[PDB]
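Participant: Dropping in work-v6.cif, with mmCIF, C-alpha atoms.
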```
data_work
#
loop_
_atom_site.group_PDB
_atom_site.id
_atom_site.type_symbol
_atom_site.label_atom_id
_atom_site.label_comp_id
_atom_site.auth_asym_id
_atom_site.auth_seq_id
_atom_site.Cartn_x
_atom_site.Cartn_y
_atom_site.Cartn_z
ATOM 1 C CA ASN V 1 104.256 182.283 93.377
ATOM 2 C CA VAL V 2 105.515 181.515 96.876
ATOM 3 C CA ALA V 3 102.334 182.848 98.502
ATOM 4 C CA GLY V 4 99.526 185.228 97.612
ATOM 5 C CA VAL V 5 102.358 187.599 96.604
ATOM 6 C CA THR V 6 104.541 186.694 93.615
ATOM 7 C CA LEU V 7 108.313 187.232 93.728
ATOM 8 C CA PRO V 8 110.541 187.118 90.617
ATOM 9 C CA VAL V 9 113.211 184.427 90.361
ATOM 10 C CA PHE V 10 115.843 183.370 87.815
ATOM 11 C CA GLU V 11 117.003 180.389 85.747
ATOM 12 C CA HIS V 12 120.448 179.290 84.574
ATOM 13 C CA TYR V 13 120.704 179.483 80.780
ATOM 14 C CA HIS V 14 123.320 178.087 78.406
ATOM 15 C CA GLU V 15 122.696 180.548 75.568
ATOM 16 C CA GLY V 16 124.693 178.512 73.033
ATOM 17 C CA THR V 17 127.753 180.482 71.865
ATOM 18 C CA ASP V 18 130.428 178.196 73.291
ATOM 19 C CA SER V 19 133.261 179.323 75.546
ATOM 20 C CA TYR V 20 136.152 180.564 73.456
ATOM 21 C CA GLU V 21 139.269 178.558 72.690
ATOM 22 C CA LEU V 22 142.781 179.723 73.569
ATOM 23 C CA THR V 23 145.092 176.944 72.427
ATOM 24 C CA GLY V 24 148.251 179.070 72.075
ATOM 25 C CA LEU V 25 149.095 179.999 75.717
ATOM 26 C CA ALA V 26 152.103 177.656 75.628
ATOM 27 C CA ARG V 27 149.671 174.733 75.217
ATOM 28 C CA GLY V 28 147.883 174.599 78.561
ATOM 29 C CA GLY V 29 144.277 174.002 77.488
ATOM 30 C CA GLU V 30 143.472 171.250 80.010
ATOM 31 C CA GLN V 31 143.870 173.478 83.064
ATOM 32 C CA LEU V 32 141.757 176.153 81.379
ATOM 33 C CA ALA V 33 139.023 173.577 80.727
ATOM 34 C CA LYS V 34 138.863 172.380 84.330
ATOM 35 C CA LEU V 35 138.837 176.025 85.457
ATOM 36 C CA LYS V 36 135.905 176.610 83.087
ATOM 37 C CA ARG V 37 134.073 173.703 84.709
ATOM 38 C CA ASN V 38 134.767 175.055 88.209
ATOM 39 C CA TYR V 39 133.520 178.553 87.491
ATOM 40 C CA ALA V 40 130.490 177.218 85.603
ATOM 41 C CA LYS V 41 129.358 175.190 88.613
ATOM 42 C CA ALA V 42 130.030 178.178 90.862
ATOM 43 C CA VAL V 43 127.920 180.462 88.666
ATOM 44 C CA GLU V 44 125.061 177.951 88.736
ATOM 45 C CA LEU V 45 125.020 177.948 92.534
ATOM 46 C CA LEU V 46 125.321 181.745 92.513
ATOM 47 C CA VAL V 47 122.259 182.290 90.317
ATOM 48 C CA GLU V 48 120.376 180.034 92.724
ATOM 49 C CA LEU V 49 121.515 182.224 95.632
ATOM 50 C CA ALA V 50 120.518 185.376 93.730
ATOM 51 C CA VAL D 1 52.710 156.869 120.484
ATOM 52 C CA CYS D 2 50.341 159.355 122.093
ATOM 53 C CA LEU D 3 49.716 162.477 120.026
ATOM 54 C CA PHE D 4 48.427 165.934 120.974
ATOM 55 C CA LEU D 5 47.670 168.563 118.334
ATOM 56 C CA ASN D 6 46.944 172.258 118.772
ATOM 57 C CA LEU D 7 46.594 174.066 115.467
ATOM 58 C CA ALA D 8 47.260 177.792 115.455
ATOM 59 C CA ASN D 9 43.550 178.339 114.788
ATOM 60 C CA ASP D 10 42.477 176.892 118.119
ATOM 61 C CA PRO D 11 42.015 179.178 121.131
ATOM 62 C CA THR D 12 45.220 180.762 122.338
ATOM 63 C CA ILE D 13 44.628 179.638 125.922
ATOM 64 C CA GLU D 14 44.533 176.001 124.832
ATOM 65 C CA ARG D 15 48.137 176.592 123.846
ATOM 66 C CA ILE D 16 49.150 176.784 127.518
ATOM 67 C CA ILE D 17 46.978 173.827 128.550
ATOM 68 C CA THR D 18 48.301 171.290 126.038
ATOM 69 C CA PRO D 19 51.691 170.890 127.801
ATOM 70 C CA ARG D 20 50.085 170.229 131.162
ATOM 71 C CA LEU D 21 47.939 167.424 129.764
ATOM 72 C CA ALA D 22 50.945 165.899 128.025
ATOM 73 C CA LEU D 23 53.084 166.018 131.163
ATOM 74 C CA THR D 24 50.337 164.556 133.344
ATOM 75 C CA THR D 25 49.938 161.674 130.906
ATOM 76 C CA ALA D 26 53.686 161.110 130.804
ATOM 77 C CA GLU D 27 53.811 161.097 134.595
ATOM 78 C CA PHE D 28 50.975 158.596 134.913
ATOM 79 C CA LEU D 29 52.566 156.284 132.361
ATOM 80 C CA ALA D 30 56.052 156.574 133.846
ATOM 81 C CA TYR D 31 55.339 156.090 137.545
ATOM 82 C CA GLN D 32 52.174 153.956 137.445
ATOM 83 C CA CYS D 33 53.206 151.617 134.606
ATOM 84 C CA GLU D 34 56.979 151.542 135.229
ATOM 85 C CA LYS D 35 57.641 152.303 131.574
ATOM 86 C CA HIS D 36 60.312 154.432 129.863
ATOM 87 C CA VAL D 37 58.609 157.452 128.294
ATOM 88 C CA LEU D 38 60.152 160.072 126.001
ATOM 89 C CA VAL D 39 58.252 163.365 125.793
ATOM 90 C CA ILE D 40 58.994 165.713 122.874
ATOM 91 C CA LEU D 41 57.688 169.284 122.966
ATOM 92 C CA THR D 42 57.534 171.501 119.889
ATOM 93 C CA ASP D 43 57.802 175.247 119.322
ATOM 94 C CA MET D 44 58.134 176.579 122.857
ATOM 95 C CA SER D 45 58.273 180.053 121.329
ATOM 96 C CA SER D 46 54.557 179.728 120.618
ATOM 97 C CA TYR D 47 54.085 178.700 124.240
ATOM 98 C CA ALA D 48 55.889 181.862 125.304
ATOM 99 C CA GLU D 49 53.767 184.020 123.021
ATOM 100 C CA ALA D 50 50.525 182.508 124.298
ATOM 101 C CA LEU D 51 51.634 182.997 127.885
ATOM 102 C CA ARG D 52 52.493 186.613 127.073
ATOM 103 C CA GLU D 53 49.022 187.182 125.672
ATOM 104 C CA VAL D 54 47.420 185.663 128.759
ATOM 105 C CA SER D 55 49.477 187.951 130.976
ATOM 106 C CA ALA D 56 48.636 191.083 128.981
ATOM 107 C CA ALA D 57 44.946 190.223 129.011
ATOM 108 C CA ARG D 58 45.243 189.710 132.760
ATOM 109 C CA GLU D 59 46.289 193.385 133.076
ATOM 110 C CA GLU D 60 49.531 192.507 134.887
ATOM 111 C CA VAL D 61 52.535 194.826 134.614
ATOM 112 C CA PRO D 62 55.012 193.776 131.872
ATOM 113 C CA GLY D 63 58.418 192.317 132.661
ATOM 114 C CA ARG D 64 61.611 192.166 130.639
ATOM 115 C CA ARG D 65 61.212 192.575 126.870
ATOM 116 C CA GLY D 66 57.442 192.497 127.250
ATOM 117 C CA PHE D 67 57.520 188.873 128.519
ATOM 118 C CA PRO D 68 56.236 188.363 132.082
ATOM 119 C CA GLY D 69 58.641 188.193 134.990
ATOM 120 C CA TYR D 70 57.639 184.706 136.149
ATOM 121 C CA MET D 71 58.328 183.086 132.794
ATOM 122 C CA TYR D 72 61.320 181.531 134.548
ATOM 123 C CA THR D 73 59.140 179.899 137.188
ATOM 124 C CA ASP D 74 56.613 178.752 134.608
ATOM 125 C CA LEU D 75 59.169 177.109 132.334
ATOM 126 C CA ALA D 76 60.706 175.642 135.469
ATOM 127 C CA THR D 77 57.481 173.945 136.501
ATOM 128 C CA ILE D 78 57.125 172.595 132.970
ATOM 129 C CA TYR D 79 60.686 171.322 132.539
ATOM 130 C CA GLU D 80 61.252 170.046 136.050
ATOM 131 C CA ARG D 81 58.749 167.192 135.719
ATOM 132 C CA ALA D 82 61.205 164.489 134.703
ATOM 133 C CA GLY D 83 64.148 162.376 135.815
ATOM 134 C CA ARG D 84 64.092 159.105 137.708
ATOM 135 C CA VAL D 85 62.461 158.069 140.976
ATOM 136 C CA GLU D 86 64.102 155.799 143.521
ATOM 137 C CA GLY D 87 62.274 152.498 143.829
ATOM 138 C CA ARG D 88 60.323 152.871 140.570
ATOM 139 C CA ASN D 89 61.558 151.188 137.394
ATOM 140 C CA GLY D 90 60.895 154.053 135.007
ATOM 141 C CA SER D 91 62.071 157.368 133.665
ATOM 142 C CA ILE D 92 61.060 160.507 131.769
ATOM 143 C CA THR D 93 63.314 162.169 129.187
ATOM 144 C CA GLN D 94 62.600 165.635 127.780
ATOM 145 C CA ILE D 95 63.557 166.993 124.360
ATOM 146 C CA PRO D 96 61.972 170.433 124.001
ATOM 147 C CA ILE D 97 62.358 172.326 120.743
ATOM 148 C CA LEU D 98 62.261 176.071 120.154
ATOM 149 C CA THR D 99 63.064 178.740 117.586
ATOM 150 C CA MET D 100 65.388 181.682 118.107
ATOM 151 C CA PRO D 101 64.018 184.982 116.733
ATOM 152 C CA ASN D 102 66.575 186.616 114.426
ATOM 153 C CA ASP D 103 69.025 183.792 115.246
ATOM 154 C CA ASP D 104 69.777 185.689 118.460
ATOM 155 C CA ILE D 105 71.365 183.479 121.111
ATOM 156 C CA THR D 106 70.794 186.050 123.871
ATOM 157 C CA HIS D 107 67.043 186.198 123.328
ATOM 158 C CA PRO D 108 65.318 185.516 126.673
ATOM 159 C CA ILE D 109 63.498 182.322 125.670
ATOM 160 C CA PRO D 110 66.651 180.376 124.721
ATOM 161 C CA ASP D 111 68.536 182.016 127.597
ATOM 162 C CA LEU D 112 66.132 180.835 130.287
ATOM 163 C CA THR D 113 65.700 177.484 128.555
ATOM 164 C CA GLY D 114 69.452 176.970 128.614
ATOM 165 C CA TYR D 115 69.697 177.983 132.249
ATOM 166 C CA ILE D 116 67.009 175.581 133.480
ATOM 167 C CA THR D 117 67.972 172.628 131.281
ATOM 168 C CA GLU D 118 71.169 170.598 130.839
ATOM 169 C CA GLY D 119 73.046 170.681 127.541
ATOM 170 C CA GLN D 120 72.159 172.043 124.124
ATOM 171 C CA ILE D 121 72.073 170.966 120.473
ATOM 172 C CA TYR D 122 72.311 173.366 117.541
ATOM 173 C CA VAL D 123 71.361 173.409 113.911
ATOM 174 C CA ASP D 124 73.210 175.872 111.689
ATOM 175 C CA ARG D 125 71.838 177.799 108.725
ATOM 176 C CA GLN D 126 74.944 177.267 106.586
ATOM 177 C CA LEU D 127 74.845 173.470 106.893
ATOM 178 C CA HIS D 128 71.204 173.319 105.822
ATOM 179 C CA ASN D 129 72.237 175.715 103.098
ATOM 180 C CA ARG D 130 74.825 173.139 101.983
ATOM 181 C CA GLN D 131 71.899 170.752 101.314
ATOM 182 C CA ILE D 132 73.018 168.503 104.171
ATOM 183 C CA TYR D 133 70.295 166.666 106.070
ATOM 184 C CA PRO D 134 70.015 166.653 109.084
ATOM 185 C CA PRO D 135 71.855 170.000 109.288
ATOM 186 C CA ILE D 136 73.343 169.333 112.723
ATOM 187 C CA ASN D 137 76.252 171.577 113.670
ATOM 188 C CA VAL D 138 78.304 169.640 116.197
ATOM 189 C CA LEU D 139 80.956 172.312 116.788
ATOM 190 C CA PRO D 140 78.832 174.380 119.242
ATOM 191 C CA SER D 141 76.768 171.375 120.364
ATOM 192 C CA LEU D 142 77.521 170.321 123.933
ATOM 193 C CA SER D 143 76.289 167.783 126.447
ATOM 194 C CA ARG D 144 76.242 167.600 130.227
ATOM 195 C CA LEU D 145 75.829 163.920 131.126
ATOM 196 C CA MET D 146 77.742 162.288 128.279
ATOM 197 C CA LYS D 147 80.547 161.204 130.619
ATOM 198 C CA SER D 148 78.180 159.079 132.739
ATOM 199 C CA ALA D 149 75.539 158.122 130.174
ATOM 200 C CA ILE D 150 77.986 155.881 128.314
ATOM 201 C CA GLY D 151 80.405 153.271 129.575
ATOM 202 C CA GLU D 152 81.522 149.681 129.534
ATOM 203 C CA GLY D 153 78.607 147.255 129.613
ATOM 204 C CA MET D 154 75.794 149.566 128.522
ATOM 205 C CA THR D 155 77.861 150.143 125.364
ATOM 206 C CA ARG D 156 81.280 149.298 123.949
ATOM 207 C CA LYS D 157 84.470 150.409 125.687
ATOM 208 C CA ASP D 158 85.482 152.441 122.619
ATOM 209 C CA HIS D 159 83.063 155.391 122.691
ATOM 210 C CA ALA D 160 84.398 158.451 124.511
ATOM 211 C CA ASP D 161 87.842 158.349 122.914
ATOM 212 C CA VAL D 162 86.226 157.953 119.483
ATOM 213 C CA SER D 163 84.049 161.008 120.107
ATOM 214 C CA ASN D 164 87.011 163.097 121.240
ATOM 215 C CA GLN D 165 89.048 162.023 118.219
ATOM 216 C CA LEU D 166 86.237 162.773 115.760
ATOM 217 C CA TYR D 167 85.700 166.233 117.237
ATOM 218 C CA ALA D 168 89.418 167.038 117.264
ATOM 219 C CA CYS D 169 89.914 165.798 113.705
ATOM 220 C CA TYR D 170 86.923 167.763 112.438
ATOM 221 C CA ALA D 171 87.974 170.985 114.165
ATOM 222 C CA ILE D 172 91.472 170.611 112.722
ATOM 223 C CA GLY D 173 90.004 169.969 109.283
ATOM 224 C CA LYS D 174 87.706 172.988 109.323
ATOM 225 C CA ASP D 175 90.274 175.479 110.605
ATOM 226 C CA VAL D 176 92.756 173.948 108.155
ATOM 227 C CA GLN D 177 90.367 174.562 105.275
ATOM 228 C CA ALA D 178 90.201 178.130 106.552
ATOM 229 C CA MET D 179 94.004 178.208 106.428
ATOM 230 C CA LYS D 180 94.257 176.768 102.916
ATOM 231 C CA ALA D 181 91.726 179.357 101.765
ATOM 232 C CA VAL D 182 94.572 181.917 101.746
ATOM 233 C CA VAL D 183 97.781 179.933 102.236
ATOM 234 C CA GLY D 184 97.136 178.234 98.883
ATOM 235 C CA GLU D 185 96.635 174.542 98.288
ATOM 236 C CA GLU D 186 100.177 174.170 96.913
ATOM 237 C CA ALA D 187 101.960 174.742 100.237
ATOM 238 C CA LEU D 188 99.824 172.113 101.957
ATOM 239 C CA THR D 189 101.368 168.934 103.286
ATOM 240 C CA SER D 190 99.987 165.506 102.403
ATOM 241 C CA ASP D 191 98.676 165.102 105.964
ATOM 242 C CA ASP D 192 96.836 168.336 105.269
ATOM 243 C CA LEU D 193 95.077 166.630 102.371
ATOM 244 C CA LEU D 194 94.267 163.821 104.792
ATOM 245 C CA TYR D 195 92.579 166.325 107.110
ATOM 246 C CA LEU D 196 90.585 167.708 104.190
ATOM 247 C CA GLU D 197 89.658 164.156 103.209
ATOM 248 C CA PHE D 198 88.441 163.584 106.756
ATOM 249 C CA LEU D 199 86.360 166.764 106.612
ATOM 250 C CA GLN D 200 84.653 165.875 103.346
ATOM 251 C CA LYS D 201 84.005 162.232 104.236
ATOM 252 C CA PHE D 202 82.715 163.160 107.699
ATOM 253 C CA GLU D 203 80.212 165.591 106.207
ATOM 254 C CA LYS D 204 79.366 163.139 103.417
ATOM 255 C CA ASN D 205 78.609 159.994 105.435
ATOM 256 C CA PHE D 206 78.549 160.436 109.222
ATOM 257 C CA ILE D 207 76.265 163.475 109.316
ATOM 258 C CA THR D 208 74.207 162.816 106.202
ATOM 259 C CA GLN D 209 71.915 159.862 106.875
ATOM 260 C CA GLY D 210 68.665 160.404 104.997
ATOM 261 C CA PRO D 211 65.163 160.460 106.464
ATOM 262 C CA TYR D 212 64.765 156.670 106.805
ATOM 263 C CA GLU D 213 68.310 155.301 107.265
ATOM 264 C CA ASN D 214 67.796 153.948 110.772
ATOM 265 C CA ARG D 215 71.343 153.779 112.099
ATOM 266 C CA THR D 216 72.051 152.191 115.464
ATOM 267 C CA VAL D 217 74.781 153.176 117.892
ATOM 268 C CA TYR D 218 77.003 150.282 116.814
ATOM 269 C CA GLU D 219 76.734 151.215 113.137
ATOM 270 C CA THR D 220 77.576 154.771 114.124
ATOM 271 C CA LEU D 221 80.758 153.705 115.904
ATOM 272 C CA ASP D 222 81.642 151.435 112.985
ATOM 273 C CA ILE D 223 81.448 154.396 110.608
ATOM 274 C CA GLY D 224 83.431 156.451 113.113
ATOM 275 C CA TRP D 225 86.262 153.927 113.194
ATOM 276 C CA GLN D 226 86.191 153.687 109.401
ATOM 277 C CA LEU D 227 86.560 157.457 109.108
ATOM 278 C CA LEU D 228 89.386 157.352 111.654
ATOM 279 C CA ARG D 229 91.208 154.661 109.642
ATOM 280 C CA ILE D 230 92.377 157.289 107.125
ATOM 281 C CA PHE D 231 95.302 158.347 109.268
ATOM 282 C CA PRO D 232 97.791 156.222 111.189
ATOM 283 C CA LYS D 233 97.339 155.736 114.918
ATOM 284 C CA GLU D 234 100.235 158.151 115.454
ATOM 285 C CA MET D 235 98.145 161.169 114.447
ATOM 286 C CA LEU D 236 95.227 159.825 116.527
ATOM 287 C CA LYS D 237 96.692 161.204 119.742
ATOM 288 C CA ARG D 238 93.439 161.207 121.751
ATOM 289 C CA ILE D 239 93.038 157.397 121.621
ATOM 290 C CA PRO D 240 94.833 155.238 124.230
ATOM 291 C CA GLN D 241 97.386 152.788 122.878
ATOM 292 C CA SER D 242 95.614 149.902 124.616
ATOM 293 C CA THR D 243 92.524 150.318 122.445
ATOM 294 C CA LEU D 244 94.725 151.138 119.444
ATOM 295 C CA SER D 245 96.232 147.655 119.538
ATOM 296 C CA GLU D 246 92.673 146.266 119.357
ATOM 297 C CA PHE D 247 90.494 148.511 117.171
ATOM 298 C CA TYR D 248 92.746 150.604 114.910
ATOM 299 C CA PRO D 249 93.989 147.652 112.751
ATOM 300 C CA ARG D 250 90.518 146.754 111.465
#
```
Take the structure in the file and give it back as structure tokens.

Facilitator:
Amino acid sequence: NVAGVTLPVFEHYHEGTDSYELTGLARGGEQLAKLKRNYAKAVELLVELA
Amino acid sequence: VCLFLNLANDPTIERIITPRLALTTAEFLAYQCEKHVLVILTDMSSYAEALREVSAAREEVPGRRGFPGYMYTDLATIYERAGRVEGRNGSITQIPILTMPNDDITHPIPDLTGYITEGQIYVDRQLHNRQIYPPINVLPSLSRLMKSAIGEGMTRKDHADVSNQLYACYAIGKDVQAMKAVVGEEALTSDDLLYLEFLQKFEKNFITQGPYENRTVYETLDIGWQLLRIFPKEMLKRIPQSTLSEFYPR
């Protein structure tokens, strides 16, 4: 309710079903985890922008 | 206190003879006893009506709005008997009262009265309707000699700036309440709440006095400074810094 007119907004939700686990790609899970962190932060900022 | 009464029962012509007696008495006291008299006239609308009836009985042709043409001259010869006289230690001050039919500011009686006289003071229906006594609406109330009536010596040195600041703060507060009426109280700044606080306290204490609370000028300025203390001196941009270093930190 920014003013007399109300505008819809959004919220960042962690639903709960964790990000999946790929441990077989020649054993490179660490890089995948830091990439997960990067894109998670990006998506947070993006929902704010939306 | 001298007192003159003319009930509405008494003859209508005595209506337009009471003022002349009162003014003659005030003159004799002022300039033959060197006193300081304050004459207060009530309900000049009834004076106008009585004068109208005298004119119509006298068969004269009507003027504007049914009131006679020379109402201007008559009210002039009533109001003009005052002031100060060189070489006499005395004065006469006039505070006539009158009612505006239909709250109409362009009615002839208030129009001519405003033209002849200096300044004006209002009372507003809404303020009385807020159960505020005396319901004195300062926003359209003016004055003509305020600049020279007050000054160092005869009063404190901290009057005119205080008046300007109170008026500016109150006008900001009222228009700001008008703004918050639609902008929503959530988008308001904290200084905005300070302006609202000034509005409510000003209408709660400065204006409301009660029928017997005999306030002096010095008490009035004390309450004015106390109301001004809410904000910092930085917002109080009508006060000179020289008096800020003295009065604001009290």

Participant: Which residues of chain D are close to chain V, meaning at most 8 Å apart when you count all atoms listed in the file, and how do they look as a PyMOL selection string?

Facilitator: chain D and resi 182-184

Participant: For CA of residue 30 (chain D) and CA of residue 81 (chain D), quote the distance in Å rounded to one decimal.

Facilitator: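 Straight-line distance from CA of residue 30 (chain D) to CA of residue 81 (chain D) works out to 11.1 Å.
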
Participant: Mind pulling up the distance from CA of residue 50 (chain D) to CA of residue 13 (chain D)?

Facilitator: 6.8 Å

Participant: To one decimal place in Å, what is the distance between CA of residue 118 (chain D) and CA of residue 144 (chain D)?

Facilitator: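 That distance, rounded to one decimal, is 5.9 Å.
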
Participant: Hey, can you pull every residue with an atom no more than 9 Å from (56.9, 159.6, 132.0), using all atoms listed in the file, and send it as a count of residues only?

Facilitator: 22
